[PDB]
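Visitor: Enclosed are the sequence and the experimentally obtained structure.
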Amino acid sequence: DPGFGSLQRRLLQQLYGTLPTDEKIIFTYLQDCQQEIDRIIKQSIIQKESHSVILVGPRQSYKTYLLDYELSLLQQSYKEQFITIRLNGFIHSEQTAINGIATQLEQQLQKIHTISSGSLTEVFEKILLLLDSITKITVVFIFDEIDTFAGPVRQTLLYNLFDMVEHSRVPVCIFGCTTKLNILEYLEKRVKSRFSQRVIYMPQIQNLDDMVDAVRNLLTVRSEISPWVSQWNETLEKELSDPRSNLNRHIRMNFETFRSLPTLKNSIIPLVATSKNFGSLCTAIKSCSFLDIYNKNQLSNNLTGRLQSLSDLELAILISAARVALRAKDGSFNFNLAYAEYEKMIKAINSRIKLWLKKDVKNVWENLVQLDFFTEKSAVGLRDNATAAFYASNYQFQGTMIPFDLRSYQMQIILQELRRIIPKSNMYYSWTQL
Amino acid sequence: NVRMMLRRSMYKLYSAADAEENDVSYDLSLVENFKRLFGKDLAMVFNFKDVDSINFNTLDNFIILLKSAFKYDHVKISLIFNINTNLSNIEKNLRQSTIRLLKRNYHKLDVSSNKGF
Amino acid sequence: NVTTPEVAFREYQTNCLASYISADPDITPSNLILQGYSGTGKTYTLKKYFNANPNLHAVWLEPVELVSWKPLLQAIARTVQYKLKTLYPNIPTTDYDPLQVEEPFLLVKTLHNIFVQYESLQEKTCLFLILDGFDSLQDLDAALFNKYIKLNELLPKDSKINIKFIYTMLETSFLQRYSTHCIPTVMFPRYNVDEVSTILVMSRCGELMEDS
Amino acid sequence: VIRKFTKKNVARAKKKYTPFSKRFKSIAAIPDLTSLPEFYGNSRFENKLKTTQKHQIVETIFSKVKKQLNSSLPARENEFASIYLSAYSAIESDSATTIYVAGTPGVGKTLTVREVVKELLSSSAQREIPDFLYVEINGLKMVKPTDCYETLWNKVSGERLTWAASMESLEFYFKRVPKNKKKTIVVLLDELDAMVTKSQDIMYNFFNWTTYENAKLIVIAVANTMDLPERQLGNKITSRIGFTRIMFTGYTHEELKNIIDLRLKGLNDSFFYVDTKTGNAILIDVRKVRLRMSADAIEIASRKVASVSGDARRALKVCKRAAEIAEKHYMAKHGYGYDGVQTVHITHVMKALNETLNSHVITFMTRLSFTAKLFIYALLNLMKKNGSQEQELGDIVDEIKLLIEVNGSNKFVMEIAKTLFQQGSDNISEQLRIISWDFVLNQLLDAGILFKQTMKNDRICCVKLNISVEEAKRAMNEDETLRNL
Amino acid sequence: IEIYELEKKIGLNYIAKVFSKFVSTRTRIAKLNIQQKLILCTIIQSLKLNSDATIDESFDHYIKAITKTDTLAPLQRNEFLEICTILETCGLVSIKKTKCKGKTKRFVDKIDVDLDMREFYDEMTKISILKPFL
Ligand SMILES: Nc1ncnc2c1ncn2[C@@H]1O[C@H](COP(=O)(O)OP(=O)(O)OP(=O)(O)O)[C@@H](O)[C@H]1O
Ligand SMILES: Nc1ncnc2c1ncn2[C@@H]1O[C@H](COP(=O)(O)OP(=O)(O)OP(=O)(O)O)[C@@H](O)[C@H]1O
Ligand SMILES: Nc1ncnc2c1ncn2[C@@H]1O[C@H](COP(=O)(O)OP(=O)(O)OP(=O)(O)O)[C@@H](O)[C@H]1O
Ligand SMILES: [Mg+2]
Ligand SMILES: [Mg+2]
Ligand SMILES: [Mg+2]
């Protein structure tokens, strides 16, 4: 069935958004923001007016998608009118962004028709000579994660960028993107004064009909590139119009928990791709049993699923450690006290099962630390940045120089949570109460 | 830490191999691409001095890091542990998986100054 | 147009790998995460999947052997252009030094310079960069994975070579740090005792055959 | 040889290391530097960014208004007179001096200093004063703070030296060179707080050269703050800067009106040929259209800006935003594209002023999912229960579990409990965290609503509200379900 | 000499005008709107209990004072910040940014106030509706 292959491929690239530009899908709740971004970028590229605007919205809220759609829209009709410089706040640092701007400037100006050669002082003053200072070429700056350059110490790059926006003869468009709602408070006073205070907040999903209409936009094939298109559109419209269908129930569950269309797309894609024929795809979209299987797999390495993989000695040691941590006031325990509780519990069970020695319980203890059931007391864990991690790697911690049986640990799961989802018919269930 | 241990080991390996026979990165891919540069296989003998004074977490992580080099056909690794007190004091300080790793091919040798007079 | 292998207790994971990994760059995600603890068959299933599909171009890296972020960047820049040399031997290239990469933006620049000389190819292709054990870097912080998430956005959009990242992770908490990025993730849960016994028989019986 | 590490990206400028004190055999051997070809200054990239239009673009009636309101002096006359008199007396007496100027952003410091030195250059062009060299050093436009040493010496001699050699050369030039072989130099130090390092050697050197008898140097230091030397500088530098300091106050609303109507002299209350086929307007099928901005609209913009900051940039941007809003409304009703009387009245200015003042925060938490709002509600309940402004995450988990299991008679809770703890499956086991627990936690962390502490124990890790509690409760009261229980 | 030249022997009056030009919280309060005056009263009251408080902690205290008094309409946080920014440019409220002291260490904006407290109580006790807010 090559027609099913064509329909499956079309549905898959609609779900990945990799359509041609004229066929790109804009959701109805995203349309006002898309028009506002289109007006700003058209006033920059067509009409040579300088602009400064920060896009504020959560992750996966189509900030990059709308900007890329607008730039590819103006790419096909005004190609020689503008160049694009892309900076990302994670990849680029305050010194490295100068070199990135210079290298993108030379490779973008060689694409239409050196600036990037020398030390950092020379490169920066050459960029300033080009920008600080027929039609003029617009320079569009796309600044992702712009909050990292609005720091508390100094904001040199944002100062010079907004100075180029407000006081230069080359027209420049600067788009910032961030997740921080209070991005204007991050800005220094002179940087905020040079900024235009134009902040666009990305639209959120307000009602369930927005999610259903977006799913309808994603899964309806609007071109007749397969013979199965009409039946697929009919069955999809039948499932979406029915309020009691399984797909509507999954959309409602997403609206109540995640409220994220990329989250739903990540489940819809293997439902579409794992089907082998047209009727199998129709049964899959009518039942959505694969969505249940996917949801079960997404939770299988959580705290609930990791406990169900434990052995009887592992579960007994974990219960004993949770008992010792509950009785403690700092919630702290070690291997010796947990082994004392374990041997007490085994004696009171066999008085009313093999007792293992401390040498063999050492391995189960190490596995429980490895599976993130226990953690070291007041441990910071993974550091935020490379500098603090580098500082931590050059320090010898006091919990790594004492013997293992005296190291203080704290529970990632408490005894009440242990009682909740260990089954009532289990052997050690009675000792989850204290 | 483990990073400095590996970096000193790979600098020593590269320096000694070029002394006996272009810059590389001092990590375990130099062990991976050893026969592609030098044309012959490799035998590494690690001599850990003053283990009783070493951080056993760092030593354990370095041993587990060296374990990844067993997937290369041209690599042979020997470890020498200079121990001042006894074996049980260091087997209580390593992981049980590390003890199971070291037990596969190991030899104890009691050589002190005051041995048998 | 991909072959699904048969892995004994990883059938869902193998169907997920078939659903996410294809030669077409349009219907392949930029990032893919395989998450599971030790001995859950992540490497085994990924190797079986790439052995069942020889047309897929994969580059394998062990982030544990590289320890730090700078050797990881240099390893990526070395192995990508070595694979591209051995894949299209008639394409004339320039051998950039991987030790020139000292910063992430230098990796972006070097990958751009490598990828602009394979522009005579016919079809868009996928290069799969497999980081087997990303959170096993001794020197790891919370900001390193964000760079690899957003790396594809700095590379050219209409290139013939489109790099795809497959990450392998151990810790659930490390993965849950990045949940708002909505990366497709396949979970490999810990095996049953029955499955452990079956795997042990089917992988160790023939080794117990020819023991002397 | 085998290297321990490599530096393969070193880019080193071609700057010599020998200072000016060794350039000649003696002090008496130094010639007249004014009669030297490379001294005192005696744009290669501007053709790079040009291309052919291949289009005639549409300039509507509001476009000329928006170009006239860009940042690119009716109210600064006393400050101009003071700065001009001090610099004029220092130039024509061969004196060295420091003029300190401070102010809040956008009050016209840089513009007044540049107009002062423009009028001074006009005075020296007609031989009223000796000729001088003008140098601008902006501290925020330097890669390194020592690069100012490299810049000024390159502006004085034409040499390219390294920074310590440059500062030795400047020290020798200001101190030892006689006045009859020299020229006056006026240096504008803009963004002076950026030139402050740990050891204040740059500030000491720049203000100590002005205390040299032979220097013929005038430093105009422009700063954010009146008491920046008293806050961040040593007592020697504060003594050298001086007691006489010039304050640039924020503008009153009459002066902001004067600035805006000076920008709108040639198009406000004027006629245009509009060409309603396309909307492209030409200043004197085609209609004669009067354009006006309301004087009361400028009044309310100037009054709001003058009360808040006095920033001229803010007032010009407010009026430009109002013109943009009016232009968007105008092009909506005709479909003019880009390729009677139209007025920028009060309501456009009010919509421009309020769009910077309305908060999206309460609107943001209004449109969150049920689980994120349940997180916020449980955090507020814990904050009012134990009185702490910092709550453990395990306490929030137990509070969410308690609120679900206590309000088990609510119909919404009945409908949503299976979703929240099983994802509606009856094949997923009951979970210890709710569905999308880590998702909504990370979402509130990216938004900046929450702060979290760096601990790897999830239960004893603490969480704080970064936003106001009153905003959080006002968001939580808008929901129909959470305002009931 | 410069003031003599601009305004035109020297004398004592020009020396005194130098010291008058190149060198006060009663006049700053007297120029404020009763809405602005309430904000300054709440801010100094906010730094009594916490004594290292943010904008959003000062604004939380301000919304508490209103509901027990019902004097003037309660306003929003952003409006609170611009009146606090109005008190920047007349010289009463000062705003900085530093890492907060606590279990979480990230950067917050704070209010500090140094206005003479002797002249603050004199100006506010004349107005009857503001006396609950001291
Ligand atoms: N150029 C693109 N083409 C197609 N789909 C895209 C493109 N860019 C992003 N997407 C898709 O858009 C969805 C999320 O939007 P997007 O990536 O723009 O988020 P964002 O709000 O910019 O994120 P962040 O704050 O993390 O940078 C995802 O499904 C992603 O795959
Ligand atoms: N499903 C399976 N069928 C057969 N053999 C298996 C299976 N899963 C694992 N094995 C065997 O067990 C070994 C361990 O699995 P594998 O190396 O894939 O684990 P992993 O999850 O990648 O571990 P780690 O995180 O330690 O790298 C495999 O090399 C293989 O020999
Ligand atoms: N008196 C004025 N008359 C006309 N326009 C003015 C006046 N003052 C300021 N402006 C406008 O405001 C802009 C900002 O002024 P300027 O660059 O001098 O500010 P500044 O005081 O140096 O501020 P910052 O501390 O932010 O650098 C000027 O470029 C000009 O467009
Ligand atoms: Mg983005
Ligand atoms: Mg593996
Ligand atoms: Mg200025």
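Guide: Great, that's in hand. Numbers count the residues shown, from 1 in each chain, chains lettered A, B, ... in the order given. Ligands and ions are numbered 1, 2, ... in the order given.
Visitor: count of residues packed around the residue of the stretch 51-200 of chain D found nearest ligand 2?
Guide: With distances taken as Cβ to the nearest ligand atom, the stretch 51-200 of chain D approaches ligand 2 most closely at residue D:143, which sits 44.8 Å away. The C-beta positions use only the backbone N, C-alpha and C, and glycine is treated the same way. Residue D:143 is flanked by 17 other residues according to other Cβ atoms under 10 Å in any protein chain shown.
Visitor: thought it was touching residue A:121?
Guide: Yes. Under the criterion of Cβ atoms under 8 Å, residue D:143 lies in contact with residue A:121, with a separation of 4.7 Å.
Visitor: So which residues of the chain form strands?
Guide: This is for chain A. Using DSSP state E, the strands found in chain A span residues A:51-56, A:82-88, A:135-136, A:138-144, A:172-178, A:199-201, A:332-333, A:374-376, A:409-411.
Visitor: The intended chain is chain C.
Guide: Remark: strands assigned in chain C by DSSP E are C:31-36, C:57-61, C:125-132, C:161-169, C:185-188.
Visitor: and among these, the most buried is which?
Guide: Greatest average neighbour count among the strands of chain C goes to strand C:185-188 (a mean of 24), per mean count of other Cβ atoms under 10 Å in any protein chain shown.
Visitor: Check whether it comes near chain D.
Guide: No. In terms of Cβ under 8 Å from any Cβ of the partner chain, no part of strand C:185-188 sits within range of chain D; the closest distance is 12.2 Å.
Visitor: so what secondary structure elements neighbour that strand?
Guide: Under the contact criterion of 3 or more Cβ pairs under 8 Å, 6 or more residues apart in numbering or on different chains; DSSP states H and E, strand C:185-188 touches helix A:289-298, helix C:11-20, strand C:31-36.
Visitor: what does it contact?
Guide: With Cβ atoms under 8 Å, 6 or more residues apart in numbering or on different chains as the contact definition, strand C:185-188 has outside contacts at A:297-298, A:300-301, C:10, C:13, C:16-17, C:20, C:32-37, C:40-42, C:45, C:175.
Visitor: try 7 Å this time
Guide: A:297-298, A:300-301, C:13, C:16-17, C:33-36, C:40-42, C:175 (Cβ atoms under 7 Å, 6 or more residues apart in numbering or on different chains).
Visitor: in its sheet, what does that strand sit against?
Guide: Using DSSP bridges, the strands paired with strand C:185-188 are strand C:31-36 (parallel).
Visitor: what sits against the nearest residue to residue A:81 once chain neighbours are set aside?
Guide: By the measure of Cβ to Cβ, 6 or more residues apart in numbering or on different chains, the closest residue to residue A:81 outside its immediate chain neighbours is residue A:45, 5.3 Å from it. Shown here is residue A:45, whose contacts under the criterion Cβ under 7 Å, 6+ apart are A:74, A:78, A:81-82, A:138.
Visitor: how about the residues you listed in TSV, adding neighbour count and distance to residue D:339?
Guide: Formatted as TSV, the contacts of residue A:45 follow (neighbours: other Cβ atoms under 10 Å in any protein chain shown; distance: Cβ to Cβ, whole Å):
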residue	neighbour count	distance to residue D:339
A:74	20	13
A:78	17	11
A:81	22	12
A:82	23	16
A:138	27	15
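Visitor: burial count for residue 38?
Guide: Went with chain A since none was named. Applying the criterion other Cβ under 10 Å, we find 15 residues in the vicinity of residue A:38.
Visitor: meant chain D actually
Guide: The burial count for residue D:38: 11, using other Cβ under 10 Å.
Visitor: Number of residues surrounding residue C:69?
Guide: Look at residue C:69: counted by other Cβ under 10 Å, it has 21 neighbours.
Visitor: Check residue C:96 too.
Guide: Here the count is done by other Cβ under 10 Å, and residue C:96 has 16 residues near it.
Visitor: Nearest residue to it in space, please, no chain neighbours.
Guide: Among residues not flanking residue C:96 along the chain, residue C:110 sits closest, at 5.6 Å (Cβ to Cβ, 6+ apart).
Visitor: Next, the contact list for that neighbour, please.
Guide: Under the criterion of Cβ under 7 Å, 6+ apart, the neighbours of residue C:110 are C:77, C:96, C:100-101.
Visitor: let's see 8 Å
Guide: C:77, C:96, C:98, C:100-101.
Visitor: Same question for residue D:474.
Guide: Residue D:474 makes contact with residue D:362, according to Cβ under 8 Å, 6+ apart.
Visitor: same check, this time on the one 3 residues further on
Guide: By Cβ under 8 Å, 6+ apart, the contact list for residue D:477 reads residue D:483.
Visitor: follow-up on the earlier one: out of the contacts of strand C:185-188, which comes closest to residue A:206?
Guide: Residue A:206 lies nearest to residue A:298 out of the contacts of strand C:185-188, by Cβ to Cβ, at 26.1 Å.
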